[PDB]
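Chains as they are written, first to last, in the deposited numbering: chain A, 103 to 194, 260 to 414, 428 to 463, 510 to 840; chain B, 217 to 324; chain C, 677 to 729; chain D, 387 to 483; chain E, 255 to 386, 393 to 592; chain F, 580 to 706, 737 to 772; chain G, 235 to 453, 455 to 470, 498 to 700. Since the structure comes first, as structure tokens, the remarks are kept for the end.
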Amino acid sequence: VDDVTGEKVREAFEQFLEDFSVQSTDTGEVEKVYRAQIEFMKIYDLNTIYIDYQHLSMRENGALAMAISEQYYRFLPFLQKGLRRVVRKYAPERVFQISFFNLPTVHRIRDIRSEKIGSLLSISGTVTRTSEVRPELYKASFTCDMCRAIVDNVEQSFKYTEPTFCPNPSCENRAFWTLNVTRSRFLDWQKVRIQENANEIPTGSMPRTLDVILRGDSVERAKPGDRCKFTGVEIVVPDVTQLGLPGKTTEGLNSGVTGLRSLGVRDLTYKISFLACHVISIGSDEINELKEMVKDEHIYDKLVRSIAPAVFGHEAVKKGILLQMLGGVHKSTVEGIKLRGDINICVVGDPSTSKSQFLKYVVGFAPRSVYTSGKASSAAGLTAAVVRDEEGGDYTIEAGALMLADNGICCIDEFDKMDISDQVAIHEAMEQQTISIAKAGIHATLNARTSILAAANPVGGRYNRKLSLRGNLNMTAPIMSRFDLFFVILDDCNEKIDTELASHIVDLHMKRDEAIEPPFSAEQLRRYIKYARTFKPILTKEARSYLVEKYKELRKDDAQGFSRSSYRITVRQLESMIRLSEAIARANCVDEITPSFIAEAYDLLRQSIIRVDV
Amino acid sequence: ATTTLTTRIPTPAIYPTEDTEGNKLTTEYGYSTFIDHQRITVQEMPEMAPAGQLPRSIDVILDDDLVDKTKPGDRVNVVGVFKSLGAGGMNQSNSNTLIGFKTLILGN
Amino acid sequence: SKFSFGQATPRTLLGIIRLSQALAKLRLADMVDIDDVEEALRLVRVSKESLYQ
Amino acid sequence: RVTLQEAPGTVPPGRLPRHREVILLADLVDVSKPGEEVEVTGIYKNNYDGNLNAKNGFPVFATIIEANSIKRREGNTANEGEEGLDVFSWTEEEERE
Amino acid sequence: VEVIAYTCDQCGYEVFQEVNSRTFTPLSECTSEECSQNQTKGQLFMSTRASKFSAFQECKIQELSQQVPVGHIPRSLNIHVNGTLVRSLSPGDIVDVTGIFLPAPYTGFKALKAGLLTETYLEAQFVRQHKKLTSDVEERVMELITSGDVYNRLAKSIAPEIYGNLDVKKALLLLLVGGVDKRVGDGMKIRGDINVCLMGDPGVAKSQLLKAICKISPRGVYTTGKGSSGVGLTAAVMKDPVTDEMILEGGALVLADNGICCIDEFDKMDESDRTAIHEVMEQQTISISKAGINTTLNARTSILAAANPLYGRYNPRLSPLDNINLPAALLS
Amino acid sequence: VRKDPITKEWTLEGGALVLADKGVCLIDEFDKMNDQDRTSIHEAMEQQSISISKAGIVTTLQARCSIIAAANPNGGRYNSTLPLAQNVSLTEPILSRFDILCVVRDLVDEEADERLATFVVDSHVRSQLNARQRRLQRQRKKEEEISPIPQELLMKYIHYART
Amino acid sequence: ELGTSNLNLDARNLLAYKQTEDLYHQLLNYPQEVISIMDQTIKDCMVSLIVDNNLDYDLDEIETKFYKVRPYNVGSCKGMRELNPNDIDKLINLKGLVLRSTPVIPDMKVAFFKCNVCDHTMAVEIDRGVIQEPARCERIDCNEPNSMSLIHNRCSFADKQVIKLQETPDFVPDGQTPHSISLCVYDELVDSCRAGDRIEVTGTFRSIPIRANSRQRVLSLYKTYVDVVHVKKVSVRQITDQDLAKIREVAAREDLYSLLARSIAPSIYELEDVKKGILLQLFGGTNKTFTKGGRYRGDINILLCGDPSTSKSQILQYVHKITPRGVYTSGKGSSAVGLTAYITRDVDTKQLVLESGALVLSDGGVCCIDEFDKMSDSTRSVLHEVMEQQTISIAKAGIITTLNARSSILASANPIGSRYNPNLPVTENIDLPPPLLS
């Protein structure tokens, strides 16, 4: 009587993929989306579906949507048998799965006991300690070599190492099996542990956990370390006590009842576990919009005015951080050196001033850019430092917010307060884009190409004026020349600039006064530079001859004598001079480089070198 | 393996029950006799062994008459029989690189 | 900073009330008075300045 | 049998290594040393009975990479038709040259 | 177990048997007289209420450490109980048991190992324990009331084995009575139980001056520098035998509540001790802030400290606090 | 000496030098960790083929390694007219194992600077069976601006110039 | 009219009633049958009120779900050193401490079977320690003794949980170690007995056998436990309207400036200026966050330093009194690694557990923290980071997470020499990083 009931829900599901599920006609939203779900699939060939809980609830008004929570755990092979029936009538190596998503109610892990067996219950949490990718079976064709071993047997359950049902001829059954590797399709999975979220933990009360098997295309999609949701079928698992070498608590007190099966007397216990099907991690004209916006004229000035509302004035520092935000070129000479990938710009200034605002600005604005203070200079982090042996392995790699600035602009402050050992370590991390380590274990060469950005402190808090910055840098000499110029922020106690900055700051912490109009959004600037990165502008003009004279004029200035200053701006700085120059042309989307564009590159460093010189 | 000399057929048993009758067997423990058993390893007197090796050692099973006589750190001098025991080569199969002839001294 | 410690805390003041009723507990003749606490300050002056010899 | 760890080069960092197994063959013995980086050109055979003991018994299979060849530490991975093999055979044209 | 009762719920004939050693086996179901011998046999199972059960408790002995010879260390022995001598022993009882002797079989891995080893115990028969308020004791309470002499005869009473120092022997007897500070009623948990510390380096073996007071004063547990350090001063979780592990083994302050915490060797294990002294001087935070639990128990015990000086003598012409390392614990 | 697992023995695991038979290390100026390891590399040349016996076996491996290094004076290159013992922080004996102290210098030169400056900018200008061949001739011509016997064959005769 | 299934019977009435004595002493003597009798009464006595008015919840659905009873506080006990072997089926009233828990393992209340016929969905009951099986086929008239399979994941199971207890050391004679006993619950008293609180349980008694060899059915020092019928601890608010009317007159009072100034100090000396900051810190603004840009929170951070012994802790203890969810700092019970980022080996599975820090733990309170002139400089390193981005960045080889911390702080320093030593710039006394001055 349940056989036709599952046959009732088979076609009732099938007609749902036959009917419409679309309310709006030709205002977007093309009718009959499930046929499009077939047709997108017959191109890229991924072998999935994606059905929701809304439209099956609002078809039978809960006459079926309440039935399906209590059938599919038993009637897995019913809905999937139906979609096999509908694809032959529609489409022309085929293995599927059923992926529900978006049930309304989301529970926690402490609410799963009685009604939750064979149900569908979305579960939140965070994930830790993944494992690897091995294959499963679900169907074999093993049989005994008694007469003929070509019996495709059934029942690949949790103890499936014995195909022993319905042999082919009148032969000897259950005498052997030969699990060939040649005819039974597999499916790949991994076993992971989850954990409860941080905004729900009542006390520090040893926060409990459970485990979960994910088995479809869900493989390697739960990156460990995020607030994540799940599908919902709950499941129990035994251990059958197979032919392997083995066969506090009163555990299995329930299992003492579970004795006396037809095989040997033991105690088969149980534990609640989880099977998933589908992961999620919550936590045009726009392509034409770029083509209009690329055809503007003042967008160099539009960008520099639209950076961040947390500062007022100082367009000099604003021009720099934009160029750091974009990337330049990195492709270089054949067979040897990879040159610099980018520009690195620091800013010095008095603390508790406008220096902190850019730092607060970029870490939510840049792609995957991280922030550290660098006071933890002896354990790990800044200094890349191997961990001691744990769980069977010594000499493993470590973290540190340095080797994870891949497409990221890491930011780090307060250079004065660390030790002297890292000051050569990051000095190695600056010139070439790799670092090396051979500490107590084999050598390692990790190529972490990076883009640093700093904000240290002056020697007294107040910047000297008549002197040079050679005394107020509070670093050593060669890391200065390894760097570009810092664009030092000055201050003043002026009776006009305070009141306007007061009026500039009061509209900021208004509950709502959003009267300032940046001409660009956060995202439509973000895709704009994503249009900007994908060129490779090359100089071709004769301004190479115009280039070489000005530096040749430049270096004869700061060399004030044979025994004067060793801030001798050497052949390193021609590279930053040209690799700024392709970057600023990557702002205005010009592939050739004019001699007019590098003119403002010069006076960026003319205004820098006067901020160098007294 | 305590009679010191004759390799008799062992009795792989702890305690029997139900002799050839219908009587529940009782055992008198006051008239059952006991004996003790103590092993001790002896190093080498590390002055007369010439300088090419660490000290070696063997062991000795004694009986009740001179137990608790041996404080660790005594220049002792024992005398007894030399004796092997244990099955080497048959009690497990294939028996590759396993000595089965333990050196013992059942002495006085 | 030559010899002495303390700068007259009330935590010393409440303690001298504590030991007084303690000595009023052991020698209870229901005489909580000036002479009972005169036994108390008799002890704080001889415990202090044990270093002055 | 050399067990293999993933070399922490081209890897999205901040995470753990992963393990495999390599079964060498007759004339490919002790070519590498314990500690360099290598690469193998094997096949992917998945032979096991189905007995495992760090995890419980399950319908699960384990991988075994039987290797076919081996080359050394490579460098400057930018080529397109050369310097992928230490060919190093200088006989008729090269040695005359 | 001493008796058995299996019921098969068909005949109700409860099969009895004698109880053997610690491992035994139930029998079948086709053995009885009524529910057997047919095509249907009642399937046996156990019963609790029809099975009389006895008492059992295990203990281990050592030697007196005075009749031991000059040589080897002492060894243990196993003892059992039966009948109703149970719940009458204690850890630290200088006692003697009289009882009867028998060895026991081992019944496990008896062929390769366990040849004819014996591992006996003794079975107990009798315990003769030794050395143990207006209830036939008031005659000696009157002896202090009639004779009087509080401030001096009681001062000569406790520790008369020194030379001089009647001032300090008087400073302690007031603290050996304590008393409830004030029944506060409202949530104002006031400080009680003041703590006196000593310092100085005499040659009169200062340790047996103070600790001799502690071994006659009530509930006042002895401690030292080694052993129960400031991390193991409270309770913690440790290893146990094959029985129930991860018990809450304690140090001193979880068991010596409202008494005397007589400490020595204040420069020893100070990385844990300097936390440990503040956390009891602070009222009511003796806890186990571990990864096991976050439960907090009481704190009501007085502290008697004796800090040893720096090298040689404490120079009195030099500055003080040259040898005690805690300024904030002391002057306030 | 990497320690054993549970049923294992204290075995011997090499580090850098026993791999690098004909290679490269670097010691410039790890000033804090200078006194730590410099007592382990200046006995790799003096007591050539060095190995050691910490808490294990007393063996001696073979390592005919080569050392190069790129040391760095404290500040500028001419920190003094005073000599090299005033300039570097190393002392004599570890310095004396080497063959030559190649030193660099430039103050001011017009014609020499362009000979670098014109040189360096042209390098940044250096940023299907026939096409796989045709890219190769493009890859061959781009190294052959003056044709200084390119690296397609040059490294290949080195390996049998050493064996 | 609520629908709940639980009646917490005081069960101290049968001795206060002239009858029901023999019931009362049978209750303390056969406590498995007599609850099973009494569960039939309450459902039928519910029908005895249902038969009066026939308009009471349709007379079917509150007559299908069973109810249950809970006798408690019955008699008294004293501890654990009185548990004699004759106490086989009795009520016991424990007083102790819960220590640690486990997740729920399932029970066998119903089974399922299917052999290899086309269709067979029988469901055999157990209600024993013995599952009984057939050895003949079914669903046909002629099919042999077939292979009956055990389709386990179809028949339903309820919950069960075992909880370890250790008695509270109450008047223990300073020599005895507090030992252990275990618990077993069946109903929905799960997830309410969290580990770490005082307990008073009301339970029956039971003992079970153990298998001596792990792979034989041979068995004999038994293990006992208890089975709880009712537990008790011992020791969005439901916002009414009379409170809102009472506070609004208090909100109408001008004196609330000073009425709240006097009410925080039932014993403390005057010092009005610090009463403003302490009160306003708990009254900690809100999170005025914009949609794009900003991300400003109204949290502040007051501090006190100076003269020792000015009830520095009890004022902070008073703040911990008035906050329902907050944290208390320790004297060197935490460090740079002992706050978060854990690799601890738990005694249950020897695997990884990331326990949060006390800073993120006060998400919804004020972090009280001390000894800042004596805190080490390996730590005092992450609190700058929570002072800027309200987060902790964990640099562990287990995981990466920029989890936030919606938490508030006050600071309580200590002097060095004796005092705040005035006619000196006092900043040179209390040594501190001038970055965190900002």
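Quick reminder that beta carbons are idealized off the backbone N, C-alpha and C, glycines included.
Close to chain C, meaning a Cβ-Cβ distance shorter than 7 Å, are the following residues of the region 570-598 of chain G: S571. Within the region 423-435 of chain D, contact with chain F at the beta-carbon level (separation under 7 Å) is assigned to no residue.
Contact of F317/B with chain E is not assigned, every C-beta pair being separated by 9 Å or more. Secondary structure in the region 235-319 of chain G: the alpha helix (DSSP H) runs of 4 residues or longer, each lying completely within the stretch, are 255-261, 267-284 in chain order. Judged by DSSP secondary structure, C474/E falls outside any beta strand (DSSP E) and instead within the alpha helix (DSSP H) spanning 467-474. According to DSSP, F355/E shares a beta bridge with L376/E. Within the region 647-674 of chain G, those residues whose Cβ lies closer than 7 Å to any Cβ of chain D are, in chain order, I662.
Rounded to whole angstroms, the gap between the alpha carbons of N335/A and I290/A is 46 Å. Around the CB of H465/G, 16 or more other CB atoms lie within 10 Å, so the residue is classed as buried.
Taking a contact to require three or more Cβ pairs closer than 8 Å, the region 497-505 of chain E and the region 538-547 of chain E do not qualify as touching. Remark: C-beta atoms of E297/G and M280/G approach each other more closely than 9 Å.
The C-beta separation of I450/D from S418/D comes to about 18 Å, leaving the pair out of contact by the 8 Å criterion. Two segments are said to touch when three or more pairs of C-beta atoms, one from each, lie closer than 8 Å; by this definition the region 343-356 of chain G does not touch the region 315-331 of chain G. Within chain D, the residues whose beta carbon sits less than 7 Å from that of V348/A are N432, listed in sequence order. For the options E539/E, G362/E, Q379/E, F299/E, the alpha carbon positioned closest to that of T352/E is the one of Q379/E.
Judged by DSSP in its simplified three-state form, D321/G adopts coil rather than helix or strand.
The residue among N447/G, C371/G, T585/G with its C-alpha nearest the C-alpha of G626/G is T585/G.
The three-state secondary structure of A728/A, taken from DSSP, is helix. Proximity of the region 598-605 of chain G to the region 556-573 of chain G falls short of the contact definition, fewer than three beta-carbon pairs being nearer than 8 Å.
Counting of Cβ neighbours within 10 angstroms places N558/E among the exposed residues, the total staying below 16. Annotated three-state conformation of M701/A is coil, per DSSP.
Taking CB atoms only, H703/F has no neighbour in chain D less than 9 Å away.
Listed in chain order, the non-local C-beta contacts of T688/C below 8 Å within the same chain comprise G682, local neighbours out to five positions each way being set aside. Beta-bridge analysis with DSSP links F298/B to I321/B. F823/A is the residue among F823/A, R798/A, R738/A whose C-alpha sits nearest the C-alpha of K767/A. Using a C-beta cut-off of 8 Å, the region 306-325 of chain E makes no contact with the region 442-449 of chain G, since fewer than three inter-stretch Cβ pairs fall below that distance. Short of 8 Å from the beta carbon of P443/G, and not among the five residues preceding or following it, lie these beta carbons of its own chain, in chain order: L453, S455, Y457. Interface flag for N518/E against chain A is unset, since no Cβ pair is found closer than 9 Å.
Taking a contact as a CB-CB distance under 8 Å, the pair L605/F and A649/F counts as one, their CB atoms being some 6 Å apart.
A distance below 6 Å between beta-carbons, with the five flanking residues on each side excluded, links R341/A to the following residues of its chain, in chain order: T331. As computed with DSSP, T438/G is found in a beta bridge with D462/G. Contacts with chain C (Cβ-Cβ distance below 7 Å) from the region 562-578 of chain E involve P576, listed in chain order. Identification of residues in the region 353-385 of chain E having a C-beta nearer than 7 Å to some C-beta of chain B yields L356, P359, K364, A365, given in sequence order.
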